[PDB]
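Notes for the structure review
Okay, here's what each chain looks like letter by letter:
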Amino acid sequence: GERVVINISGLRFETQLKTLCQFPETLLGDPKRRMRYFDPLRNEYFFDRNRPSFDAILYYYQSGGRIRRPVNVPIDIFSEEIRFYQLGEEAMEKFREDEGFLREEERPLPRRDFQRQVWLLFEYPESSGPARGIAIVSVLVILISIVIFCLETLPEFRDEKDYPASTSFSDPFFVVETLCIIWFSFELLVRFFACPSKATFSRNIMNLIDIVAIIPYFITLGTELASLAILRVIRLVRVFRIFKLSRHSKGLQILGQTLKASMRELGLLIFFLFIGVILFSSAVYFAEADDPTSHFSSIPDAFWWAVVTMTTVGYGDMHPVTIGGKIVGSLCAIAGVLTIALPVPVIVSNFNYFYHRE
Amino acid sequence: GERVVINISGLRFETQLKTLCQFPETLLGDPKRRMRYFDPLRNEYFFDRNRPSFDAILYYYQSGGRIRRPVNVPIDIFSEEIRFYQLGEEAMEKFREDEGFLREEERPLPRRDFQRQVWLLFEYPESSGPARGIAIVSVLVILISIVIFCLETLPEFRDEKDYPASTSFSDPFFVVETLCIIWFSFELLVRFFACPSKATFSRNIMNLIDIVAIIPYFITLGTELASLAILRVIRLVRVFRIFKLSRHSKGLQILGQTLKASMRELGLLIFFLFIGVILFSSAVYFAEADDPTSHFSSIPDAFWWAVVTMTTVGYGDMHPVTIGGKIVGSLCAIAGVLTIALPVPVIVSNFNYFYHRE
Amino acid sequence: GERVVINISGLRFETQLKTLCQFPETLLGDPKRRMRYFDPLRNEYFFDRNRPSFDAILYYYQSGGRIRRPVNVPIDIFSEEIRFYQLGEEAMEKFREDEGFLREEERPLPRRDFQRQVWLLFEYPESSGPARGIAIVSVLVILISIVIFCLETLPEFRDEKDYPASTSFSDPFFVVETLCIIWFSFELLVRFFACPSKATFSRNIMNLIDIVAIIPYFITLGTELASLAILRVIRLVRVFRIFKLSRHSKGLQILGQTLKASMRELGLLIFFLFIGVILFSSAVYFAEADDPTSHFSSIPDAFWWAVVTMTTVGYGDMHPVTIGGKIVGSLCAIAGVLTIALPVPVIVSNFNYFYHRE
Amino acid sequence: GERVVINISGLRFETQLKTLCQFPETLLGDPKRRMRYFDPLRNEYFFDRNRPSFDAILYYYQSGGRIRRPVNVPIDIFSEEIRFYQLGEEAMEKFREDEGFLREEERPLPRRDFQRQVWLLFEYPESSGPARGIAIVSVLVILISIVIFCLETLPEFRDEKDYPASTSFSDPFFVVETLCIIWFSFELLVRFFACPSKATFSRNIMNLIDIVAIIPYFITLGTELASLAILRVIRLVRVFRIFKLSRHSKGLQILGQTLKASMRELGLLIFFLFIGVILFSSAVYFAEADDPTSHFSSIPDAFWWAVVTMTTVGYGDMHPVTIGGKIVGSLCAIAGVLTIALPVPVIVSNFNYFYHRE
Amino acid sequence: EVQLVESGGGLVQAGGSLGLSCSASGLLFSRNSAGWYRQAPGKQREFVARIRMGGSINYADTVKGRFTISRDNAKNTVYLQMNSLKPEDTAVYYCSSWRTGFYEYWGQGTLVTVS
Amino acid sequence: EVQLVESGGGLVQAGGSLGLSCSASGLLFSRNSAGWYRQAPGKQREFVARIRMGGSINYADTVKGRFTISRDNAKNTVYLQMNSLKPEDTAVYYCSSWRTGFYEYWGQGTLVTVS
Amino acid sequence: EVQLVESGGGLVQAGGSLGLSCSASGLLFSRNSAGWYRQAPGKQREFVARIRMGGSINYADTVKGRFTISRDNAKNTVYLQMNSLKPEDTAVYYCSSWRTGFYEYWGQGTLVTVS
Amino acid sequence: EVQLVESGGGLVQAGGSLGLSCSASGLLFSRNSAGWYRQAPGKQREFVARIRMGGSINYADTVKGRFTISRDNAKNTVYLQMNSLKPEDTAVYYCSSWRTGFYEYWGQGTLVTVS
Ligand SMILES: [K+]
Ligand SMILES: [K+]
Ligand SMILES: [K+]
Ligand SMILES: [K+]
């Protein structure tokens, strides 16, 4: 019925008044707010803004609600156009969601005036100067703990113990290890007793890492204060102190997000390598088993060669000695480069997204 | 003669009535259907829809028939515009073909009420719960068959037979192999006797794989129930039980489609490697044959070094010992990285297309 | 002065008549040719064609002459628009040049009615059936010549000659070699005596290849029909029979075009490798010379290790034995992957251009 | 109040006169300059130029000042439009900055009529013919200095000195080295005494390189004209004569700019390699320490294997011997290809930008 | 091809000791099963010893304890230490290297005649 | 598995010399600590010598100077040169190769009885 | 450069045995053809034996059966077992290693004078 | 560290022959220059022989012809064949391996006293 002709700098937009008033909380949806720009001389709402953006601004009313930025309008110009037309904050949220920007505030800081002071001081390194100092202290303790874990294995440092087992505070490594574990437990208990909600603390992967980085020390201490397999499993598990370096590194966080996103592609990479390894190890075992000098004793033994030829490591311990085995080894290296080159670009695209999104 | 002026929200489209009525089965091609939006006050068909899309919608009439989505209009908006203007279902098919979407229903399910029940149960794992169970059983049997094929070659499992040939149901491996072959033959005969048309069954590559995965067992059984070369060829052919894992894996199907699409690029990769291998093996044989310590006895023998240097495997069994041979080996590794890096991006683009198209 | 208002389906284009008549050989430049679409009722030239293309069509007149296809119009639609407006064939040539299509007919076939029959038969494999047969014969002769060149070096085939030099038609390899050389010389002399212009024949790289593939045989024959260095240089030069396989292969022609285009990038790759090789060989010689077990006797000797570590071949003959040498060898492999990964994408982009342009 | 209707070839742009006169130094901002195109018959400023560009040209006035080239208009056409509308030179600078072109003249040539003649002759190889000769002489001296530095280490050239230390101008290498150092010092002092400002000379990295390429010779000379550690540090530092080859090479300058730009990505690459090396060396030490034939004596010793497996060099000196160690070594090569493949594309993108920007 | 030459002759009487050796060219003993076989005149082949690839040494039911078999894996030789010699074990001891299902290789044989 | 066989018998009286040898199969002596241990009848194990992986040779407080220990790293053998023999050092000298915290391997032992 | 030194002297009479040896420095015998050549005083070079790279042993038409040639491929030595010695074969036996079409290398020679 | 142990003792009179040997641990002779040095009592070090890495053997101006020096490159030993022995060359012959400009290593020395 009623026809409203908008004029965005000479460009007429004749639309039905019903669609214009579908959203009555905007600049055009309020008749007493859009009367400022109305021109009674020509019976049109003359604006003096960007011309291409108003097409999307009008499609917002003509589609109920939908904000799709035209590909020929820059982000800032379109955002300013949304702000001028006062489409709303839900409009801005929909626009940012469509573009790719993600809006997540959360961060429920405690309001007890002391359960938030220490929480800020520890969780947020940039909240203070002492907070940055605490972050630096944590990084230093993590690095020396890694150094201790690696140095404990050097044969030189184990001289009086380098005798057969059949013929703890004095050990210099145990002192540094227990200081590192004390600091880890301290920064864990402070964060747990200063977190807003215990549900989020027991769910964050960056806190499960800190738990796993403390568990082996206490298992070993309890066992000492009185099986072999669990002991070696635990001594290997102790390596997860390098992953609590990810709280202080935005590169490791991006890497973790990339690996979580590219789970299907990592699985495809492993599956393709498994298929190729079985195929080429069978081919090179049967192509080389009649030569009395071959060192493939079985298809399971030719898997190691096939993985080092497909990955193009090629150590050279296991190689073919026959013409047919060398033909097979020639296609393993080429078919390995393709198998690997296929999903790795998808993983790299995920990394670039999470990296430049930062 | 007759002039019809369409008005897509203030944007006039004055076109000849003949072009508008070229297709009389659409919203604008039916005068008694387009009279709803007609405005006798201004003698124009006032619409209230998206402005940029109607350019393509009108070019559809002005070009006889052709649907080319404008690059500045989203897919969903243009599809909704086609739906509103009722251009037809052939219009939607042409639009999807132009974009890249492929429309293939086929799936001629049998209508015998029992030749389709088992067909659904077997062919489609998602049609039921027992269907998913049958898929899981097939995957398990395939995996244990692969495990048996690999384990049969271990020297440890062959102890009483590890004597010279000059000095079958008891064998534990033959029992598992015959159970796997029984299940393979069962799931093949059920699928053949439940398929709609025998022409499609004898033509699908995923059924030729299942035939080839059963042929060697029966050849061996027939020969046993009474030449050496065919025996070893067959024992190698038995490895094609890993490719009937592709029915249950959408990654292997994508890989097969990628390899079929990139056939010319695979051929180019092999041809470039062959050219480079001959070139650099000739160069390194003639550059190193005057040194009494060289281990290239001929150009055919330097091919293996050239393939492992070009693919950057570099086992290290064959390497140059001369200054000229080392200069030649330095360009083999660089010219191999280029030769390989050239068609592999095309193959990876094909993989990404078939992978994200999924 | 005179104003002409064009109307491309409701979209007015009011331009000065002088610019419209700047080119009087086109549909709009001929007043007696554009009168067909003129509408005396509204004093406008009503067309019924695509709307976005006429912007470029009018800019052609408004810029003297220039055809720039709008990014939102498809190639075929714009080409049809040029054809309808009859802008000319120079307009189409400019359009194709701007897009990227290259127009090169040349092919000056002889007009002597017999100096072109054999020329077609030989140069163009697709001109006949005998032409395809001649191409197949050439490919077969080239392949057996390569096979002979490689097999002549096998130690097994040289049994009665495998004695010290101090204690030719009978040799089976010389017979096949002389037949191949006879066919090469025949297909060269026929092409030279059937080419249109001798200037183009003595200039094509694909004919210089055929000359170089025949020169060593005749040098050897002349020397035999009576120095050592030139003899081995010639015996290596004989390998250029694989490059006359490029006439019959469009992949090798694309590779040659890619390598000619990426000359600066190939030079940069070699220069960066040279810089890195010198840097890391100096570092690993000085980082490892104080260890009495090191096998880097000089910086020139550590170049070979640095090239095989930078290219990630890693044969393993020369490796570091010191902590500092291993730190240096760790950065050689990482800095080699970057050095190589930098210009190779440019070369690959050139290959993709020349490959998909085909 | 006052309304001005511009007409860019039939396309009305009705804008407020205030916005049009916001910038009074342009073609539309001067009423006595824009009167040329005014049409009193229709009360509009009829132009005859490109239609899409005037949208941005008008947004320049409607946004105070901002030049954003529409994505559907070519660079040259938009630049010509800016020139016609005489928006100014600051407008052109903003346009070039938005596109990506960087404007940096600087080059403060001395005005002493002789402190600029030699400055041109040396700094700018293209200013003369003698300047190109001086550049060639510098490149030749640099190359022979590199050759001398590498050849001094050959064991063959050191024959009478090849005795234990316990049992300088005569040395042929010292003569060439001192000539090279004399020329380096000459071209450094001339450039320092001919530079416009001493502040820029003592700050350019390409001059710090020339200082560092001369320092070791004079340190050695002063020490000779009378500690061991600084002597070997200096003998290694002498390798930085290859980096003064970067003044004469635009590829090395691009490489330096790329490496300065990709500093965060180089750091991420090193950090990811460090994380993976520690992880996989711990895993392979603990997975293989119970085998009495293993050659990983400690986690620090398995770092070298992990770096050569992750970088896919794979020398083959250190490899796993256990099933668990081989499983771990299989994931090191795959997880190394991902770790390396992640930031290298960012570095390559930086290189392509700085390379094609040239 | 491949030859498993042996050097195990002599005429040692009952008692004493004697060590036979088997050497291979074109065949690596570290990559194959190896085992000595005897054959007395007028009789058939009799298994004596076997060393599988992996050192699964198992002798026959008669010559256990008094014999032993060994391998080098570096010199590529397979030995046999014949201790507690008896006139019963007079035969032409062969040498055999094989791969199950692919190939078997024998030696021309050596004569151990115990007096 | 792994066996550290030894050959160090004999009945050399006081004085003279005697060299014991220890050989390993499935164990590389260049990759493990090695050390001879003695045990006289009626007594317990007594440390004699130890050569760590890296040649940190250290003998006991009684047999220093008069004994020495060595390794080949190519023949995979660990020796012990027993010089200045005395009747005091009469024991069944064992041989031991170990890795701290993972495994220890011993020999059946050899008898050195000094008269 | 390269020298093929030989050690094959002595004055063994008719009958008996004698084994000449040829050793190479800078030349790998496993990578080259090798063959002994003789030259009696007053005569010219006479081919004796040849072992090609790949073990294609072929002797002359006079010294077949009574001579044999061998290679190590690990010690880098080429031998010649001279059996059934006769006064006819008195010559300065040389040693030669060569590659067809690239190079030939000889030895200074050794003297085998059969009485 | 590294020790160049030598075994060249004895009391051979004038004439005859004697071969000294030099063995290295932690040092590869194939990767270093090697050379024997003598020092008679009451005198200073006197150069005897030198074999550079690459076999550039050069002796002194007195012991040429009558001496010779050699290397193995596999056993890691440097020898010295002392022929035409004279009472003049009575000294404690050392052994030295070095790298020009980096390090020099000597031996404790061995005594060659010619009667
Ligand atoms: K590699
Ligand atoms: K590689
Ligand atoms: K490698
Ligand atoms: K290797």
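Under the PDB entry, chain E has the name A0194009G09 nanobody and belongs to Lama glama.

By the naming in the PDB entry, chain A goes by Potassium voltage-gated channel subfamily A member 3,Green fluorescent protein and is assigned to Homo sapiens. In its Sequence similarities section, UniProt records this for chain A: "Belongs to the potassium channel family. A (Shaker) (TC 1.A.1.2) subfamily. Kv1.3/KCNA3 sub-subfamily."

Turning our eyes to something else, we now look at the coordination of the potassium ion (ligand 4). The protein atoms that coordinate the potassium ion (ligand 4) are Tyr315(A) (O), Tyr315(B) (O), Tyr315(C) (O) and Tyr315(D) (O), at distances spanning 2.4 Å. A separation of 3.3 Å is found between the potassium ion (ligand 4) and the potassium ion (ligand 3). Within this pair, whereas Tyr315(A) is found in the loop between α14 (299–310) and α15 (323–341), its partner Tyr315(C) is found in the loop between α14 (299–310) and α15 (323–341), the two belonging to separate chains. When its relative accessible area of 2% is taken as the criterion, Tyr315(A) is described as buried.

Between chain F and chain D, the contact holds 10 residues from the first and 11 residues from the second. Approximately 810 Å² of surface area, both sides summed, lies buried where chain F meets chain D, with 55% of it carried by carbon and sulfur atoms. At the surface where chain F touches chain D, the tally comes to zero salt bridges. Seen at the junction of chain F and chain D, the total is six residue pairs in polar contact. For the side of chain F that touches chain D, the residue count by class is six nonpolar, two polar and two charged.

Counting residues in each nonpolar core, the largest one holds 370 residues, and the members touching the most others are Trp305(A), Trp305(B), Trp305(C) and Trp305(D). With residues near it in sequence (within four places) discarded, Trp305(D) still touches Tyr315(A), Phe280(D), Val284(D), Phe296(D), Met318(D), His319(D), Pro320(D), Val328(D), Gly329(D) and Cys332(D).

Among the structural elements, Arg66(A) can be located in the loop between α2 (53–62) and α3 (75–85). Its relative accessible area of 24% is what places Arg66(A) among the partly exposed residues. Between the C-alpha atom of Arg66(A) and that of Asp98(A), which follows or precedes it by 32 residues, the distance is 9.7 Å. With residues up to four places along the chain from it excluded, the contact list for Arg66(A) reads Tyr59(A), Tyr60(A), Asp76(B) and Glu80(B). In this structure the side chain of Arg66(A) is engaged in a polar contact, spanning 2.9 Å, whose partner is the side chain of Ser63(A).

All right, on to the UniProt feature "transmembrane region" in chain A then. Residues and elements named next belong to chain A. Mapped onto this numbering, the UniProt entry gives "transmembrane region" at residues 133–151, 173–194, 206–226, 231–249, 266–285 and 327–349. From the first C-alpha to the last, residues 133–151 spans 27 Å; its make-up is 100% helix and 0% strand. As a span, residues 206–226 carries 81% helix and 0% strand, and end to end its C-alpha atoms are 32 Å apart.

This brings us to helix α3 (residues 75–85) of chain C. Count 3.6 residues to each turn of an α-helix, and residues three or four apart come out pointing the same way. Along α3(C), the residues that are buried comprise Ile77(C), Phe78(C), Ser79(C), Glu81(C), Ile82(C) and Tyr85(C). Where α3(C) is buried, its residues touch α2 (53–62) of chain B together with β1 (3–8), β4 (44–47), α2 (53–62) and α4 (89–99) of chain C. Phi turns positive one or two residues past the end of α3(C), at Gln86(C), with a value near 55°.

All names here are of chain B. Within the open sheet, the four strands sit side by side as β2-β1-β4-β3. Their pairing is mixed. Across the chains shown, the open sheet's two edge strands, defined by having one partner strand only, are β2 (11–16) and β3 (38–39). Together, β1 (3–8) and β2 form the strand contacts of α2, whose direction differs from that of β2 by roughly 0°.

Looking now at the coordination of the potassium ion (ligand 2). Surrounding the potassium ion (ligand 2) are the protein donor atoms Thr312(A) (O), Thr312(B) (O), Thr312(C) (O) and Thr312(D) (O), which sit 2.9 Å from the metal. A gap of 3.3 Å separates the potassium ion (ligand 2) and the potassium ion (ligand 1), which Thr312(A) links by coordinating each metal. Taken together, the residues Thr312(A) in the loop between α14 and α15 and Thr312(D) in the loop between α14 (299–310) and α15 (323–341) connect one chain to another.

Our next topic: the pairing of strand β10 (residues 103–106) of chain H. Relative to β10(H), strand β9 (residues 91–99) of chain H runs antiparallel, the two sharing four bridges. Directly across from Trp98(H), in β10(H), lies its bridge partner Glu104(H).

This paragraph deals with the pattern of salt bridges. Per the stated rule, a full pass over the model turns up 104 salt bridges over all chains. Two residues, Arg49(C) and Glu80(C), come together in a salt bridge whose shortest N-O distance is 3.3 Å. Of this pair, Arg49(C) sits in the loop between β4 and α2 while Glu80(C) sits in helix α3, placing them 31 residues apart in sequence. For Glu80(C), a relative accessible area of 24% corresponds to the partly exposed category. The structure contains a network of salt bridges with shared partners spanning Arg49(A), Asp76(A), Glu80(A), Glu81(A), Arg66(D), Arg68(D) and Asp98(D).

Rules of the game
Residues numbered from 1 in each chain as written, not as in the entry; some residues may be left out. Chains lettered and ligands numbered in written order. Heavy atoms only, no water. UniProt positions renumbered as here; feature names shortened; annotations may be inferred. Donors = N, O, S within 2.8 Å, 3.2 Å for Na, K, Ca; no water. Helix = DSSP H or I, 4+ residues; strand = E, 2+ residues; numbered from the N terminus. Buried < 20%, exposed > 50% of the residue type's maximum accessible area, 1.4 Å probe, protein only. Contact = heavy atoms within 4.5 Å. Buried area = accessible area lost by both parts, 1.4 Å probe. Salt bridge = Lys/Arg side-chain N within 4 Å of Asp/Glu carboxyl O. Polar contact = N/O pair within 3.5 Å; in protein donor to acceptor, adjacent residues only side chain to side chain. Nonpolar A, V, L, I, M, F, W, Y, C, P; charged D, E, K, R; others polar. Core = buried A, V, L, I, M, F, W, Y, C linked by side-chain atoms within 4.5 Å. Pairing = 2+ DSSP bridges. Axes fitted to C-alpha atoms, helices over the stretch in contact; angles between N-to-C directions.

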